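What follows is a short report on a single structure.
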Amino acid sequence: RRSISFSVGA
Amino acid sequence: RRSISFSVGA
Amino acid sequence: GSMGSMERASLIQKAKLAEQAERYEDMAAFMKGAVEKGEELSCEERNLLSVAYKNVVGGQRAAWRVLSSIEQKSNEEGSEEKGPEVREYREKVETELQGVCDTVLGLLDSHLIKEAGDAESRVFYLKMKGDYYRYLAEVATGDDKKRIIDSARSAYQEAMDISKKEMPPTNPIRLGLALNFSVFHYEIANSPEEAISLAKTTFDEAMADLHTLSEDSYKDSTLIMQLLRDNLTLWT
Amino acid sequence: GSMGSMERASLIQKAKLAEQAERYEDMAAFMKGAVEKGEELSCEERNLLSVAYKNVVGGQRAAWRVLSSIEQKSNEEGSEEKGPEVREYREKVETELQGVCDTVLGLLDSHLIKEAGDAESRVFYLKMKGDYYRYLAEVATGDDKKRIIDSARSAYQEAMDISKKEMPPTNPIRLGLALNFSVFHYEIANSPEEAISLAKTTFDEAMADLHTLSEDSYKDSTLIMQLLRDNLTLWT
Ligand SMILES: [Ca+2]
Ligand SMILES: [Ca+2]
Ligand SMILES: [Ca+2]
Ligand SMILES: [Ca+2]
Ligand SMILES: [Cl-]
Ligand SMILES: [Cl-]
Ligand SMILES: [Mg+2]
Ligand SMILES: [Mg+2]
Ligand SMILES: [Mg+2]
Ligand SMILES: [Mg+2]
Ligand SMILES: [Mg+2]
Ligand SMILES: [Mg+2]
């Protein structure tokens, strides 16, 4: 599975 | 709820 | 047009790739290009055309409904007595939706329907004509609305007449046509009793013909029958 | 450009409508128009810009990965020794993706970063610069690849240095930056140990500062901390 990134909100 | 329509496949 | 330099077979291949990639605007553009080669479409190719444009117009319809809802509240007794922006953006989305419908209807008229002689192809295209006039009717006001509704009705009716003469009651295209014409009656034509009657007759006539079918055909037909039942449950 | 005749406030309003309608390409176009008015963006407006382009580029990345996978199989030992179509369509999607990234990077360079003096705005924009160079790096070959990677690294590093000086360890922008820089290390820079180290230090330093926070701030910070933990679980 690819890694999880984040911007602003889910 | 709106009515369900159909084309080709789900 | 833009796809004029690409081989027909390549357009079809790329439409299938676009479907896999969930690139439905690309898919529709490839399929429009394929239609514009001038040759008839196979069963598989008709299905690709329908899937592409169903997904494009589906996103536009969903957006339009969101924006229309917001617009109705903003012109309720005492809501955001605000500016023109909601209406303007709803109108933008509406015009784009109408343009997609007009594109599909134009492909049907130039020249898919006129060259379609087998019942499967002709019913498929006439159903599609009814569907895209129905989508136009969902957003219509002004002087031609009644006329848009009658265009949808007329296309569905010609499809129905052919399907009843030429197809068994379990044929998936016949079933999907009847389903969508029943939705037209309920949601567009203010004819819920006609909708209910058509759904029930369609369901019952299909049930009586299931015994003739293979396991795979049975699965296909019963899936659409369940949609008829789902509407009947909503409507009754 | 195209949005030059629309009021700034109207562009912002329509961006919010587009978000509600899940019209992310429209949303991005409205927000580009707002940036091009030349004024700085508020916190809320920066968030709208990011949401719009994250969704646009996200669809393109997902499509690219599907098509790249199909392309790898077709050039495996003995698969579809077929035609140029898969490569051509992957290349089409790739070029569109690169164009979106270049657009975002262009907005950052003209002139969002240079006018951003507060830590919240400057870190936000530098993080975004790192992110969009990272998306370029995901698809890069050819002579400038190393250079794309170093551009991402440099932007993230400047953001990190500011965030550590100027923000508490629970600040959501600081946390999201550290999360994304750790993804860069793991997925782009072939540095899994650095990724793991950064995620763990970030998590632990945030945990030690939670006691300072309100209930709402606590919720915001812990949500992002859980993403760090989710990656650590995948990576270890
Ligand atoms: Ca014919
Ligand atoms: Ca027959
Ligand atoms: Ca400033
Ligand atoms: Ca500070
Ligand atoms: Cl507009
Ligand atoms: Cl292509
Ligand atoms: Mg064309
Ligand atoms: Mg040819
Ligand atoms: Mg209108
Ligand atoms: Mg512009
Ligand atoms: Mg002004
Ligand atoms: Mg390329």
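Order of appearance sets the numbers: ligands from 1, and atoms from 1 within every ligand. Below, chain A is the first sequence line, B the second, and so on; all start at residue 1.
- With salt bridges taken as basic N to acidic carboxylate O contacts below 4.0 Å, none links C:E7 and C:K37.
- For the residue pair C:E166 / C:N171, no side-chain donor-acceptor distance below 3.5 Å is found, with atom types taken as modelled.
- Looking only at its N/O/S atoms, C:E94 has OE2 as the one nearest to the Mg ion (ligand 9).
- Side-chain polar atoms of C:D102 and C:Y132 form no donor-acceptor pair below 3.5 angstrom.
- For the Mg ion (ligand 9), the set of nearby N, O or S atoms under 2.8 Å includes none belonging to C:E91.
- For the Mg ion (ligand 11), the neighbouring protein N/O/S atoms at less than 2.8 Å, given as residue and atom, are D:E7 OE1.
- Judged by distance alone, with hydrogens and angles left aside, the side-chain atoms of C:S191 form no donor-acceptor pair with the main-chain N or O of C:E194 at under 3.5 Å.
- Nearest heavy atoms, C:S182 versus C:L198: N-CD2, 3.7 Å.
- By the 4.5 Å heavy-atom criterion applied to side chains, C:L175 and C:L179 are not counted as neighbours.
- The minimum heavy-atom distance linking C:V183 with C:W235 is given by the pair N-CH2, 4.3 Å.
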